[PDB]
Amino acid sequence: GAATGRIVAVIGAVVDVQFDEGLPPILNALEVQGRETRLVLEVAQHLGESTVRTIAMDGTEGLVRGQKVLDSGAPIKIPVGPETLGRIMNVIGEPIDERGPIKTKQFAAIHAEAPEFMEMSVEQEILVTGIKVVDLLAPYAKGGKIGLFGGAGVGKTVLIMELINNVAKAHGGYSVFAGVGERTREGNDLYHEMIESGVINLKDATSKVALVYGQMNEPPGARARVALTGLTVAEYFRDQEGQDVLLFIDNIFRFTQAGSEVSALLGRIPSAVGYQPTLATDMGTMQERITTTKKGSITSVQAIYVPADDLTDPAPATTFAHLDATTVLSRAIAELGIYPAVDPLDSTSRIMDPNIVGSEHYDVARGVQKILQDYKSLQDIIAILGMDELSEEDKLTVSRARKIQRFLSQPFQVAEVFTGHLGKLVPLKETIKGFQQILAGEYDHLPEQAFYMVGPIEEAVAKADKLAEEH
Amino acid sequence: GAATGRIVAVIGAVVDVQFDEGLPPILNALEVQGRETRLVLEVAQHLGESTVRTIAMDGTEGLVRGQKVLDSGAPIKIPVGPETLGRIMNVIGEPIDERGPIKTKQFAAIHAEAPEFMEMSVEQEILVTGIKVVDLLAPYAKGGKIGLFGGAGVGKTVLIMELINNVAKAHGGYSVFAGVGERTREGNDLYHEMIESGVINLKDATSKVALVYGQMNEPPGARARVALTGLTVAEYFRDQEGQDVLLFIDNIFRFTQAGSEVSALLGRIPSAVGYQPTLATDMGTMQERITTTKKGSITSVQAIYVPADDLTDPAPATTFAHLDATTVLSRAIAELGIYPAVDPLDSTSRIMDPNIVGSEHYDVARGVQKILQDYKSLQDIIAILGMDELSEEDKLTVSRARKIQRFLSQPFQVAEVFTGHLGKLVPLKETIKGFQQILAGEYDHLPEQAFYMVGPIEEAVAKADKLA
Amino acid sequence: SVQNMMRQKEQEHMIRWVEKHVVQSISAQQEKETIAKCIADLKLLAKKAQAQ
Amino acid sequence: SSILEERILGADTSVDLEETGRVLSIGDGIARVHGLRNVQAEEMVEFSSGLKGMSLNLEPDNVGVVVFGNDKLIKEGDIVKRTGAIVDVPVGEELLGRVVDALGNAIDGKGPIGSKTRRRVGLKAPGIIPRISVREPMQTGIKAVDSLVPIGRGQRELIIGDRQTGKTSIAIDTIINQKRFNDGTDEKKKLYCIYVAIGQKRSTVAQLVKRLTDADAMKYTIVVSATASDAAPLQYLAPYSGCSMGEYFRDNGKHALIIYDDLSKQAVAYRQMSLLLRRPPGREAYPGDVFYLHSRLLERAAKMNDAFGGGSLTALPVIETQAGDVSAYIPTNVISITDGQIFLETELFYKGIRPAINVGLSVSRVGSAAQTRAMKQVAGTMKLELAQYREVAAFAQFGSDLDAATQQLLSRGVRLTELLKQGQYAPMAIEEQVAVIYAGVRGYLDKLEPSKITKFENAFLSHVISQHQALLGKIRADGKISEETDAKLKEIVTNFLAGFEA
Amino acid sequence: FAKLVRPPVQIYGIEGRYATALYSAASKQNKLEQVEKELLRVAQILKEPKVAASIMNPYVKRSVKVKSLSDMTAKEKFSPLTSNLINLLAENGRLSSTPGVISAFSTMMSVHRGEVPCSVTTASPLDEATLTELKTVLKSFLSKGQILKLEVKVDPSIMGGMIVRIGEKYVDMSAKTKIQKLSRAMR
Ligand SMILES: Nc1ncnc2c1ncn2[C@@H]1O[C@H](COP(=O)(O)OP(=O)(O)OP(=O)(O)O)[C@@H](O)[C@H]1O
Ligand SMILES: Nc1ncnc2c1ncn2[C@@H]1O[C@H](COP(=O)(O)OP(=O)(O)O)[C@@H](O)[C@H]1O
Ligand SMILES: Nc1ncnc2c1ncn2[C@@H]1O[C@H](COP(=O)(O)OP(=O)(O)O)[C@@H](O)[C@H]1O
Ligand SMILES: [Mg+2]
Ligand SMILES: [Mg+2]
Ligand SMILES: [Mg+2]
């Protein structure tokens, strides 16, 4: 032990310590003595006369002034390796699932630097997940970065637990789920949704996922560092082993928002609407360690809460640059029963390109989006003129556009407890062919209720015969 | 002479004063020696090492540092008793009617606590007033708090001059009026209208009303404490005499507007749009003493101001949890001419209930809000498109809900001098009977200019008889 | 409801009579205070003994 | 009298050395205390006059302290003592049927509560291992709630809306309606309740104990009460104390329920209490951790696994919003902690839908769909028949006529809309709900008039409880509406419709 | 920078900045018990209607209050490290708080052998046979090689007891115990 300081001022969750002999640098870890639980404080400022300003990682009850504080000599050191699979872990790297300890032979301090310019893999690919809005309109990429926007209650824990089913079971590489401040109820489903589905095995060593869980019943200094315990386990699988990883994080807005809860208690003047003045700096320190270098790859899927459906808020609008692919869920669409809620005219990918996805995939998805923006100019006419005043060409537009809008919906497999339907998984070659024909006119003779919640286009004519027999 | 102090600092109406031994406890009174009038300082804080910070009741101009200050021993006390009736007082309880001193046997402090839980009375009744908007849609009780929310220039005091003219005449017990921060010529025309009408008796002991006054010329340590003065003369007439007292307060916003003018200088970080940090604890300590209890009954009527016509402002919108009835007035209603400009959709009660107000009345109540909402929910389409693009059923919730809006405006007794129209009082049973004959559809041939500014329903067919 | 209310009005008066009478009875004594001081020494003599 | 003398011989006059800090200031509730060396944070300190307080800030010179009471008996130069305990309230079943203040002292006057165990107000929510999913139902007796927006046991559901729309009445029909299970026989269908009154005047809380005692509802609840007259550190401490009496039940086997009325008044008691401690303001002068204030509260509402006891703790937070705007600061921070919501409006209340529930927007993570088996049959089809209605029934101006095409479907909604209305303080049962909902969806009401269905309901309901008591006992016992049970109900509605209006 | 000796009081404010820079500087070279004798002689020449006429005067000059005290602090008795300290306070602008520092250095130097005295608060005073016990049974508590001190203040509102405060201890035995009989009236 070195520099056994002493506590002087516990104001909120911001403890200040005073060292007799040895001042520790910024970003270290400190160990408060005499407590039956492990409370870890991380150094953040140097004040003068050998006092530092730390931040606790637990509850600050029972902190009497004049209490000793040890020092470890480094930032927080978590376990890492291959034996961290099928486990749930704390922010300071501890078990929280009551299975015993993590027996690894390698530790990684959670503060590292972004890899340089000359370690940047440049190649793009495609990735097929099975969904007719992802694979048609905002396609993924093997190694890219993927963000799931949208408000509260629009479908982000479902769309992120369906892609865990689709991709992260038919995958050779590994996956990590980091829970940065969400409901502890929802962190009990996914622990049990994947014990029966074989992704976690509680007796042998063939699990393929690792879990990091610090939830919204936690003090707001520990809800800023489970975003970094995630991509330290998800970097040993990319750098050290030459493997391929998948990164699942829900929710990453609670990393930013838990930095605004201790800004003024640290001693800063608050910026615009209430955020800390280091928004785009502490964020970009983290969102550059999630990259694919020339030693491995990372495919990252992060859920991004938009507060009060306000996309121009500074916490989401500074995240639109750290990402290759955006899938923006709206709420005015999921009120029409359409599920997945994904906005067709607001999602966007980089590889939507006539030289990677082909010049048939490209001509389709730029005619779906062009007929849906043609719809909205007619909806302002219908509100005054009524439907039976329009011409015969514009009536053909609204009918196909409502056929396309209903065909973008698809029953997921995880809606087998909510809706009672059966799940689909559409291949890419059928997705392009089905949408190509509704634009042509080869299904102009059907009712719209056939197209709601089907898979391939051949199931959308096997419904229009059952509706006509039961008539 | 418990203690002697010298003024140390003076900022507006927050005088600092240092003692040497014998610190006064908080909310004592201090007497400034060496002035022509009485200057009383009331201790607010304790700033460390024998130094208090006070708030002054009168003006502080002419004070020098070192000027002596003497300790009373007690809070502001006022003379209370049955001789207080017919007399006007100020914040420290001195006669400002120039008719000589007030000689009672006892004195009552300004600051006292709240009643307990087990001294509350739950019994509810109906106080019929004589106003159609209040009798039908939002009935007042006999022993409960009432608010009259309104902007500037809508009618919150012409409405309070009616609930004196209809309730304080037919009352049997006493009455107490308080003026907190409103203008002084209106506080003079309540003296020369209660002397003429027998409520003030200058010659013997047969007077009913007490008066207490602190107006909009005072320093803001007086407006912040004049409302706790009339609140004390209306508790002796409850707990120690056992009567049924009225209490009329106008205006109670200035208890709070003039409390965020001395809160900046006490050294406090401000909360939202500019108010004090303790906006809603000092209000819940003044309002928690205006209660009906097991020993008497106070029937409060408070006028409340909304700043710049905004109901989400923090000073009106925290008063709502302290009421029983509610009469939200409006500006755009009163641009049409509907007086009393009461919002029928925003006004509530706790006794509007089919078992209390009677199951026949309760169905004319909820059934006339239903036809009023459905006129509001089509104002988007009528304003753009027209009346002429509607159905035939919804040209019959439009023409029936314009006969109902006009049949809520009543000529008041106090407003005869303005417009020259006779003030009408309707009873309760002739409004329920008179709205069922607009809901069932018996008057659908009479125009809408006949339902306007009339009393009982037979004047509506008589006004329709005139125009032909 | 008459039996209970007359007990409540009697109860508060019975408390204040014992309370307001003990103020003068404790004030008048002058010999027992010297008895009261030596036990106050002996309590403090007993108090520091159990600490160390 | 023997009672006063026996209270004075049981009194213990114990004396010991305290640990003591001289006061340096007292203003507006905050007492900066010199001294107090070994004090903890969140410790309870005790002034000389009998007051009590909690030392929040620690600092090298002074020690910030907030008071549970009134700051006028406290003068500069006083004495602050040390208890030696982080702030704790009594707990147990012995508090049942009382009205208590925010520190567990009775304000009803039935005496001292005899309580044996004490539990902190700052304890921790349980994690990921000791929970389970939501298996059971919680019946409110409202018909728009139980059929369309069901609520499981262990699920945080938010009642949100304006002032004077029904937020308190919704959560008091729920208190009344569990009377039928609490005098029954099984110990796993009961539901013990708790009401927390924050920022309310005493002429509403002494009136709600009246409404809860004629119906004998008060024999199974507790009322923790912090009125608007209380100190601002007493309205802050109230939901953390009420939630800690809920976790006597949940951590021992039973099932609890807790209403916070409301939680927009536990925030302005934190904004004021922590501005006078000189803490810098955030948005709307709220502190930094108002999200941490509500989140560390609403995560104790668990549903434990069956190897711990299996108990549950529902929660029903009320939130008042200004002008019906849901995008404010404190609303959106608590929408995203709760599983589902109930959106109460004003134009529903005034047009006539009372309880004014927006059944379009009142979403709910259904709680593993523990509605019940028979209600799934009749309210499964009801949910879709009402959803079909709302897409197509908003014209108010008709020009064309399609009675075979559209006017049949919208005639099924107004018969099911006017069925959904209810009264006040008279909540139904679930098999009395299956019967009245059966008659609406099966076409047995399209030949009435909609101005007679509220009259049709009570004449129907009185006929089935009187003449058909052994019918409804096979729906409640067997769970489902069987095919022979479908047979018997087919006559009863038609026999009554043959002689309803005559 | 370097580490410094910890003063056993550790006060704060504008006093304890300068009153610890003096304690740390004089504890080097073991100049501790000497310097209090020199700080009590500037503690008399500060109160003079010519010296205090310009030690707190704003409008003399920024510079001439430095040469006038440096000539004054050296010639009469002493030239220790206090002559730099008076030159340090005067160079900064803290001449007004000069009596504060020596009252702060005195309470910091007193605890090096002192007690922070108790305060017996009982009544009209007592005899020798009951006081020399309390001046000896109050020594049985501390037990650290020390020579105790004390204050006395008479108060009659305490009707029948004595309160005492050894540091921050407060063992109270008085007529507060009438208010503790609220439990008779408290059901
Ligand atoms: N089921 C119901 N049907 C019709 N009216 C009702 C019903 N429930 C309550 N009300 C009426 O609505 C009014 C408001 O109800 P309630 O007091 O519960 O609203 P609230 O929003 O809780 O009030 P506050 O804003 O003061 O908290 C009351 O007058 C009550 O009588
Ligand atoms: N297939 C589906 N598509 C859209 N929504 C669904 C589907 N199945 C269920 N839902 C409902 O939509 C809600 C979405 O909430 P959820 O995605 O769990 O959390 P979040 O608030 O993070 O979006 C769920 O409560 C669920 O009831
Ligand atoms: N019942 C009424 N009939 C006609 N005019 C009214 C009525 N009530 C108010 N007014 C008009 O509105 C004004 C309201 O001002 P007043 O009520 O005196 O104070 P405030 O500005 O507080 O409302 C009156 O001067 C009067 O001209
Ligand atoms: Mg989610
Ligand atoms: Mg006025
Ligand atoms: Mg309510």
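Chain E is numbered as in Swiss-Prot, which gives 24-210 for the residues shown.
Cβ atoms here come from the backbone N, Cα and C positions, even for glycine.
Within 10 Å of the C-beta of E:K60 (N6-acetyllysine) there are 10 other C-beta atoms, taking all protein chains into account. Taken from Swiss-Prot, the feature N6-acetyllysine applies to E:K60 (among others), supported by similarity to another entry.
Taken from Swiss-Prot, the feature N6-acetyllysine covers E:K70 (among others). In the three-state DSSP classification, E:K70 (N6-acetyllysine) falls within coil. Summarising the environment of E:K70 (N6-acetyllysine), the number of other Cβ atoms within 10 Å of its Cβ, over all protein chains shown, is 10.
What Swiss-Prot records for E:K73 (among others) is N6-acetyllysine, and it gives similarity to another entry as the kind of evidence. Listed in sequence order, the residues of the same chain lying 6 or more apart from E:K73 (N6-acetyllysine) and placing their CB within less than 8 Å of its CB: none are present.
Secondary structure from DSSP puts E:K90 (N6-succinyllysine) in a helix. Taking a C-beta cut-off of under 8 Å and a sequence gap of six or more, E:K90 (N6-succinyllysine) has no contacts in its own chain. Marked as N6-succinyllysine by Swiss-Prot on the basis of similarity to another entry: E:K90 (among others).
Residue environment of E:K100 (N6-acetyllysine) contains 11 other Cβ atoms, counted within 10 Å of its Cβ in all protein chains. The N6-acetyllysine annotation in Swiss-Prot covers E:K100 (among others) and is backed by similarity to another entry.
Every protein chain shown contributes to the tally, and the Cβ of E:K158 (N6-acetyllysine) ends up with 13 other Cβ atoms within 10 Å. Residues or ranges marked as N6-acetyllysine in Swiss-Prot: E:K158 (among others).
In this structure, E:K158 (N6-acetyllysine) belongs to neither helix nor strand by DSSP; it is coil. The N6-succinyllysine annotation in Swiss-Prot covers E:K158 (among others) and is backed by similarity to another entry.
Summarising the annotation, Swiss-Prot assigns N6-succinyllysine to E:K162 (among others) and lists similarity to another entry as the type of evidence. Within the same chain, residues at least 6 positions away in sequence whose Cβ sits under 8 Å from that of E:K162 (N6-succinyllysine) are E:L171.
Per Swiss-Prot, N6-acetyllysine is recorded for E:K162 (among others).
Residues or ranges marked as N6-acetyllysine by Swiss-Prot on the basis of similarity to another entry: E:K172 (among others). Secondary structure at E:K172 (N6-acetyllysine), taken from DSSP and collapsed to helix, strand or coil, is coil. Around E:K172 (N6-acetyllysine), the same-chain residues six or more apart in sequence whose CB sits under 8 Å from its CB are E:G137, E:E138, E:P140, listed in sequence order.
Annotated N6-acetyllysine per Swiss-Prot: E:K176 (among others), in sequence order, evidence recorded as similarity to another entry. Under a cutoff of 8 A between CB atoms, and with a sequence separation of 6+ in the same chain, the neighbours of E:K176 (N6-acetyllysine) are E:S142, E:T144.
Contacts of E:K199 (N6-succinyllysine) defined by a Cβ separation under 8 A and a same-chain sequence distance of 6+ are given as none. In the three-state DSSP scheme, E:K199 (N6-succinyllysine) is classed as helix. The feature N6-succinyllysine is assigned by Swiss-Prot to E:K199 (among others), with similarity to another entry given as support.
Distances between the Cα of E:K100 (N6-acetyllysine) and those of the modified residues E:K60, E:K70, E:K158 are shortest for E:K60.
Under the DSSP three-state reduction, E:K100 (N6-acetyllysine) is assigned to coil, being neither helix nor strand. Here the Cα atom of E:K60 (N6-acetyllysine) is found 29 Å from that of E:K158 (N6-acetyllysine). The two recorded residues, E:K158 (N6-acetyllysine) and E:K70 (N6-acetyllysine), have Cα atoms 36 Å apart.
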